[PDB]
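[1] sequence, then the experimental structure. Questions to follow.
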Amino acid sequence: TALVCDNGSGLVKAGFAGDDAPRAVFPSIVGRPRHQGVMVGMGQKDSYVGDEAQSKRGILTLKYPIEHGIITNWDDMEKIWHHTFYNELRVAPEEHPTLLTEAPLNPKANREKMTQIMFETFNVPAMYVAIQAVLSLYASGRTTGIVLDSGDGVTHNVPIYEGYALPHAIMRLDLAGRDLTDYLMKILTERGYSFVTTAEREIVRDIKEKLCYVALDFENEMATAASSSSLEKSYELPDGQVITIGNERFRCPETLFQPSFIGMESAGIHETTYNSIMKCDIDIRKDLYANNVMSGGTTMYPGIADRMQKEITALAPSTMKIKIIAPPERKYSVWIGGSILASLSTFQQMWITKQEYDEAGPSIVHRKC
Amino acid sequence: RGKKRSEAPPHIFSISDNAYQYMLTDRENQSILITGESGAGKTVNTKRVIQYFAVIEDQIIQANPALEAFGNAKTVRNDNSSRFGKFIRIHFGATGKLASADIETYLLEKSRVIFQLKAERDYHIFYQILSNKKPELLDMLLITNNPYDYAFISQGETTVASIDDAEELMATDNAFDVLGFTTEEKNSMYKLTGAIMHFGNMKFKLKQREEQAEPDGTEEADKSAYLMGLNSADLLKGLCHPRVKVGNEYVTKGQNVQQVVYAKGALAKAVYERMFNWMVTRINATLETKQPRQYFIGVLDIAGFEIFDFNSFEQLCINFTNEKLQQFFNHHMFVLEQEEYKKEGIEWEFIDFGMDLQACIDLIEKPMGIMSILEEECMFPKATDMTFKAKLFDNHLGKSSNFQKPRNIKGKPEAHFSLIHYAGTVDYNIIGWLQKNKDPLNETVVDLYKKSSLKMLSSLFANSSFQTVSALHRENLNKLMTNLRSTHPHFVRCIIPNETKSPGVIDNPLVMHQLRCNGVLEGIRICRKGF
Amino acid sequence: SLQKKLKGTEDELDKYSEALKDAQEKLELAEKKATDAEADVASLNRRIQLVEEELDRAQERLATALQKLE
Amino acid sequence: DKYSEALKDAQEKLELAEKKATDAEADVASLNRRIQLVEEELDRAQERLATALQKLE
Ligand SMILES: Nc1ncnc2c1ncn2[C@@H]1O[C@H](COP(=O)(O)OP(=O)(O)O)[C@@H](O)[C@H]1O
Ligand SMILES: [Mg+2]
């Protein structure tokens, strides 16, 4: 029973090998107080982590140490590691092999130093970082297809056929989950509300969590909700106010399907995944279209499966069956697959024991994965 | 009353009484090792041996007629064998007058419920309930009285002219009553046993443009639901969308038809097994005691060594269980002879007689051996039968000196891989193994089970890497050997003369096979090669 | 008498507060079922329309193929 | 008096939301019955056009 702990920027999720459900999951916020201490004897904590920190955002500043699949400001991410191991999952690492997760190709130096930091101080027995998509594939029991996890920090595609991780068509994209929230900030300024600070900026992803459904034929649905007041929806902040969101409701997620709104000049996800399809052989396209699997988070938006099916079948020749696999086990499929992989006995020989690292130097992760 | 083992004519009442004497001296538990099953003609031996031991009470047997019905299973060869292990212990205090005897079953064959072999037949109880005799209980149980209607039963032959419970249903019902059962629990047992059949009618369809499974055949699901009381709609729903927790338990969802067909069978198997063990608890209840009983001499009955045609997973499991006890025997006799020869110390040949078996124990169990490969293979995506054997050949051929391949097994269907045990080279074909061991213990239905009749909640309230029969089995066998690790052994065997049942006269074809299988020849091998 | 009158009106306010809280939670559950049902009917309406348009296209493909086959 | 009006308003809004839920669930229950029938007719048409195109070739 080793361990499995996701790295992804949004929600550091911790659990045990084999178990079908992460034992503890919490947002990866790291907080610091932004005002002087006034009631002597508080015994203030000098930093806060996770849902404890999220509890009292009122006097807190929020640093996400994980942006775009790059681990920045390593001090706080180490703090998150420390809080995870001891408080959430509650075992010393000294007696548990550990496995982490990592987006396709983020930088070179990232793993090459992260293995060191988590392998020298925490003194873990053994570790092996596994690229996200291949793990996602295992999680669904399909050993052939294209993965689109789009974990909040980064979105990417891989072609995987008959269990081969065909590298060169890996098509990464930085259309992250958080940036939908950030754009929603700018679109919500227009209806007259304002969300300047950081705490409210955290709230808005919550308000995004429920009220963002992507709709087919964006033009017609847009003019539809413009003409009729049918879908005018309401919601309340933990303030007392109630906020009325109009067509922003379905103008949020469509930044995914076209980035012209956010500005980035890189085609929407459907065109990228079709691209990565068309950058393989003329025989692998027979099956690839059939096993398309969503994964990660940021795809729990209702409808996105169907809209995706429409766009692809329009793009691909209308002689293939594009039936896409979108189980509702999403947002965790990363972790399920990770646990299953840690459960494979043949997998035991793979990862790196302390001896190899000590006698070989840090590069062992890249050299042996 | 003395004559330890080589001072009296050969006789086992002697050795059992010597065990009594050991109890008097060492004050420590003893274990009776009965080889062979009722299929070996044994049943009439410990039924007398136990009374013998009690001499220096009749409630012990009364359990047998009923517990047989859920435990006797007719096989391909040597039919009508109780395939479940029932370790049986009789407690003595420091005094020596019998205070009580509690009974605990070990390593029940949990996979016999579904995917039985076509040639063989299921548990006797199923066909007991089948026969129209006592049709009022069938009226309670809503069964149509036709074996081939249902999926689980239709695998069986259900026509065994040698022995059917048609008469035996009266005796089993009578015992099952007079063992102190209220009528409510009495007919509830029938209710659960029937429902375990009754799932077999469940039928599912593949959802459009999607993956999960919708329920088909509402009426049989509803009859089941009434039979266990719980609502049909929520049951089918908990089938189509099980709940999996998170850091806060949102109602997570996901299934596939194949997974569902596997899982419902898993649930049936688990509920039946736990039902059986609870009946064991009730048998303890009607036999309860309150005297100071602490020192017991235990008789355990185990399935015999199995070698015959067309042997799947089940045979591998049973054989492994049977031979581990021989590992225990070899180590034990080695210990005693070790100290004895030590008193005459000159030089020992080769310590730890147990190595002879360890050489194959590692192959069956030790990580990434054989049993581990099935555990890994069910987990791995797209379980396909042939890939299993491909992996085995890749991993343990030549690398393992006990994993080889047979050739042209004359008339019996082609086995794939073979092992060289001491008792007999074994041949298996691994068809259906991936199906056999996959069994996901769905939670949501388990939690749904609490709001029904007293039995099912009572059974399933008391009590994860997707437990599969292999792991549960290994753990339980380790439990058993632990209980024997904390005891001392002695050995009682049984011999069958012939199928024609002619007493007094030998018939060589059979006895040679049983003697070789039983491992008495292996003990003679140990003595022969050694001091 | 004034204390007795106050205590009876306070108990009436607590009873109305309990009833209001119960009504507010059932209002919230009715609203949640309504928004989920509205979303699911709108999503399924898009899917059935897509399948119906593909059926019309499949009928046109069949009709031209049979004409050319003849 | 304010809580008396609020209780009557809350029960009114409950029935309006539950009526809206009932209408949407009743319509989607009929739509769930229809969608598989139209998909089966599509699968029949797809099988027919595929064999007609093959026979044409
Ligand atoms: N109700 C919701 N609907 C849609 N998306 C959501 C909802 N709740 C959270 N999310 C998104 O899921 C994201 C988490 O995805 P991510 O962190 O990339 O994967 P992981 O958590 O496995 O690392 C959050 O950033 C958030 O934007
Ligand atoms: Mg995350």
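    Happy to help now that I have it. Numbering: from 1, shown residues only, chains lettered A, B, ... in the order given. Ligands and ions are numbered 1, 2, ... in the order given.

[2] what helix or strand is the closest residue to chain A within chain B located in?
    Relative to chain A, the nearest point of chain B is residue B:465 (3.0 Å; Cβ to the nearest Cβ). Yep, even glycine has a C-beta here, placed from its N, CA and C like the rest. With elements taken from DSSP states H and E, nothing contains residue B:465; it lies in neither a helix nor a strand.

[3] my read is that residue A:108 contacts residue A:367, right?
    No - Residue A:108 is not in contact with residue A:367 according to Cβ atoms under 8 Å; the separation is 12.0 Å.

[4] up against chain B, what does chain C have?
    residue C:47 (Cβ under 8 Å from any Cβ of the partner chain).

[5] let me redo that: chain A
    A:1, A:13, A:17-26, A:137-138, A:140-143, A:323, A:325, A:327-329, A:332, A:340, A:343-346, A:348.

[6] for residue 24, which non-adjacent residue is closest in space?
    As the question left the chain open, I've gone with chain A. The shortest distance from residue A:24 to any non-neighbouring residue, by Cβ to Cβ, 6 or more residues apart in numbering or on different chains, is to residue A:88 (4.1 Å).

[7] oops, wrong one, chain C.
    Spatial nearest neighbour of residue C:24, excluding adjacent residues (Cβ to Cβ, 6+ apart): residue D:10 at 5.5 Å.

[8] and the residue of chain C that's closest to ligand 2?
    The nearest approach of chain C to ligand 2 comes at residue C:39, 24.8 Å away (Cβ to the ion).

[9] what about that residue, neighbour count?
    Neighbour count for residue C:39, taken as other Cβ atoms under 10 Å in any protein chain shown: 15.

[10] pull the distance from the strand or helix carrying it to the chain's centre.
    Using DSSP H and E, residue C:39 sits within helix C:2-69. Once both centres are worked out by Cα atoms, centre = their mean, to the nearest Å, helix C:2-69 turns out to sit 0 Å from its chain's centre.

[11] same check, this time on stretch B:224-236
    Here stretch B:224-236 shows a centroid-to-chain-centroid distance of 30 Å under the convention Cα atoms, centre = their mean.

[12] is the helix holding residue C:39 positioned near ligand 1?
    No - figure legend: helix C:2-69 not in contact with ligand 1 (Cβ under 6 Å from any ligand atom); closest approach 12.5 Å.

[13] which other helices and strands contact that helix?
    When contacts are defined as 3 or more Cβ pairs under 8 Å, 6 or more residues apart in numbering or on different chains; DSSP states H and E, helix C:2-69 packs onto helix A:304-315, helix D:2-56.

[14] adding distance to residue B:225, write those out as TSV.
    Converted to TSV, these look like this (distance: least, Cβ to Cβ, whole Å):
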stretch	distance to residue B:225
helix A:304-315	33
helix D:2-56	21
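
[15] I'd like to know which of those helices is closest to residue A:113.
    helix A:304-315 (35.5 Å; Cβ to Cβ).

[16] report the buried residues of that closest one.
    Within helix A:304-315, the residues that count as buried by 16 or more other Cβ atoms under 10 Å in any protein chain shown are A:304-309, A:311-313, A:315.

[17] and the angle for it with helix C:2-69?
    20 degrees (axes from the mean of the first three to the mean of the last three Cα atoms, to 10 degrees).

[18] the helix or strand following helix A:304-315 pairs with which strands, parallel or anti?
    Scanning forward in sequence from helix A:304-315 by DSSP H and E, the next helix or strand is strand A:324-325. Strand A:324-325 pairs in its sheet with strand A:292-294 (parallel), by DSSP bridges.

[19] how distant is the partner strand from the center of its chain?
    Distance of strand A:292-294 from the chain centroid (Cα atoms, centre = their mean) equals 15 Å.

[20] can you list the neighbours in contact with that strand?
    With contacts defined as Cβ atoms under 8 Å, 6 or more residues apart in numbering or on different chains, strand A:292-294 is touched by A:136-137, A:140, A:142, A:145-149, A:273, A:304-305, A:308, A:312, A:322-326, A:330.

[21] can I get the buried part of the residues of chain A next to chain B as one PyMOL selection?
    Typed into PyMOL, the line below selects the buried ones among these, using 16+ other Cβ under 10 Å:
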select buried, chain A and resi 13+17+18+19+20+21+22+23+24+25+26+137+138+140+141+142+143+323+325+327+329+332+340+343+344
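
[22] among the residues of chain A next to chain B, which are in strands?
    Per DSSP state E, strands hold the following members of the residues of chain A next to chain B: A:13, A:24-26, A:325.

[23] need the contact list for whatever residue of chain A ends up closest to chain B.
    Per Cβ to the nearest Cβ, residue A:18 is where chain A lies closest to chain B, at 3.0 Å. Contact analysis of residue A:18 by Cβ under 8 Å, 6+ apart lists A:1, A:339-340, A:342-343, B:464-466.

[24] any idea how far it is from residue B:188?
    35 Å (Cβ to Cβ, to the nearest Å).

[25] again with residue A:85
    48 Å.

[26] cool, and residue B:241?
    29 Å.

[27] same drill for the two, tell me which one is more crowded.
    Counted by other Cβ under 10 Å, residue B:241 and residue B:188 do not tie: residue B:188 has more neighbours, with 20 against 16.

[28] isn't the more buried one right up against residue B:458?
    No - using Cβ under 8 Å, residue B:188 is not in contact with residue B:458; the gap is 9.6 Å.

[29] report the residue ranges of every domain in chain A.
    Domain segmentation of chain A under CATH domains of a matching chain yields A:1-26+A:68-133+A:333-366, A:27-67, A:134-180+A:270-332, A:181-269.

[30] and ligand 1, is the first one touching that?
    So the one you mean is domain A:1-26+A:68-133+A:333-366. Yes - contact of domain A:1-26+A:68-133+A:333-366 with ligand 1 (Cβ under 6 Å from any ligand atom) involves A:6, A:8-11, A:334.

[31] now the two most distant members of those.
    A:9 and A:334 (12.4 Å).

[32] and for those two, which residues touch both?
    What both residue A:9 and residue A:334 touch, as defined by Cβ under 8 Å, 6+ apart, is the set residue A:151.

[33] okay, helices next: where are they in the stretch 301-450 of chain B?
    Counting by DSSP state H, counting those that start in this stretch, the stretch 301-450 of chain B has helices at residues B:313-343, B:355-365, B:371-379, B:385-396, B:433-437, B:443-448.
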